[PDB]
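Given next are two forms of a protein chain, the same chain in both, each as structure tokens and marked structure 1 or structure 2.
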Structure 1
């Protein structure tokens, strides 16, 4: 059972690689990959693309056909339409699933299979399955979505101020990385101060992508992340660039604004707490609305509050090697009295530093 240790280690790795092809367009649904082996050859493969599309497990079987009978299904997440009938119907001995269902009492999916004679197992490379759905996994376990907070800084610790979205991030390669990260998030969040001062679009520009351009992401599949903008004071206007983009835009409001907005604009009402809009109840609310993940593009004040409230799951920090002085204000300021470094990479002439809440 050591050969199969490696043998399974391989198909499962493939089944995960497949799952990610869906990472840009799958929200609010998890990513899921499926690989079906018969007598040591892959007879059917599949993964989740769009939200209203049929499951990975199903493409895999519709491709494998009669050849599914013999043996093995590597799935990325415990299977469970009726989707478990589907698997029985085709006739597979053995399924090896990476992680069992995130929610509680629904962890029984495998038992249903065991019952029909199928051999099962869970746990293999589970740690990576976990990584593949950080957001949707957290949403299910806790109320909330996974918040990523991106900061850009110069060596001397300063940033930007009133300069235009285009100058958020200096270098081409860094700009290009940020697009890539935005492109996988469910929502992008931003303050009203930022919209006011910068008139941004906060969209993913498809041209600015590397060789994911081929991966999935045909230009027409392009899915624009949901723009969430905060403002108690209803200061933003129907003419601002941010509401004219394709894609939904959502306002977190403290009280209903009366003006005409286009059909793709919604408002969420949030209670006030010690002066301004209750950040924590926004996060739950967005969780009730199925936001898996929220990528923050804010100034200092907002990044400050999010961190103080302890709602930030990861920090993506971009340092540029340039020095500044006064024009552009500091990067945080914090009175109160948490983090750990994960990946650090070069991004052309900038470095990118990932930190994680854990």
Structure 2
């Protein structure tokens, strides 16, 4: 009646902390933790690591063996739609009950047919936070979008018009690598590719102590690189396409040149002489992208904000002031209905070396 809940919250927390270990590698699959308990002891633990790799339940089940019979399997996300039954468990505690299918949304009850005690809703908020992007793609058709911005004190960027993105500091660079690494994809404009010739990869060495936990060097997963170039200005000789992993171009007309194996291309309709960002997002949704980290110059960020597609703002502020000639999405207007678009609230603020990071979500 009472101590059961006290213990329930203990083991679910444990199952949630395991699910997290998969957040770098799991895409397009969600994160899932599973903890099997018999007589106050964990007989089996597991989390989903990679799309083709075994489910969390499978991992924990293999571990528990015949010791599973007893009772209580703590899961992060409703199973099925199986082995949990064939390994005769009693009680199962689910945190969440399966997003989109909705037609198949109580495979939770399939275990009840086997006489298995079930229940859901434990720390559902935390399990929600754990799969923000995946869960968004399922409910809506849209990937979850984090917009990174490098600004000075007076708003403003890079001192020059060039759509080149300001990195503000090495610490801010190190901080972005970690956020990059849990994104399904990274998005940028062809202008940024032309102005910076960047790799837009994750570099394992730039990660910290999450180095120790999962993500050993060999497991490193490169987020999918997405480039917007309607006018096909990016060359097959640009660094970005030479990096390991796929790189997808969002272009208007198919490119005639010879591009590396890893290079793909999505054709996107226009909207007032410009590539339609809303269509593209949705298109990326169909293509199973959970979450996008955007390395935007002035134009891209503005267009995303005005299209109401951004879920989160991450603003890195350098302790500098910039002159008139400084570009800045800031002082320099361009946009009209930002005041009348999904507004954001502050969520976290932190020092990041000489910079500060302002974390904003639409909320």
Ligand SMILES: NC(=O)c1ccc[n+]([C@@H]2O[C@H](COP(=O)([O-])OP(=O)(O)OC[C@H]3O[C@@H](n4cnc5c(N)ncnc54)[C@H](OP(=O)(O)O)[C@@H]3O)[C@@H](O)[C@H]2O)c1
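Superpose the two forms; the largest set of C-alphas matching within 1.5 Å is the rigid core. Positions refer to the first chain, counted from 1.
- Taken from the form deposited with the ligand bound is structure 1; the remaining one is not.
- With the rigid core aligned between structure 1 and structure 2, only one of 151, 137, 169, 195 has a CA shift of 2 Å or more: 169.
- Once you line up the core between structure 1 and structure 2, the Cα of residue 327 ends up 2 Å or more from where it was.
- Core-superposed comparison between structure 1 and structure 2: residue 348 shows a Cα shift of 2.2 Å.
- For residue 318, the Cα shift between structure 1 and structure 2 is 1.0 Å when the rigid core is held fixed in the overlay.
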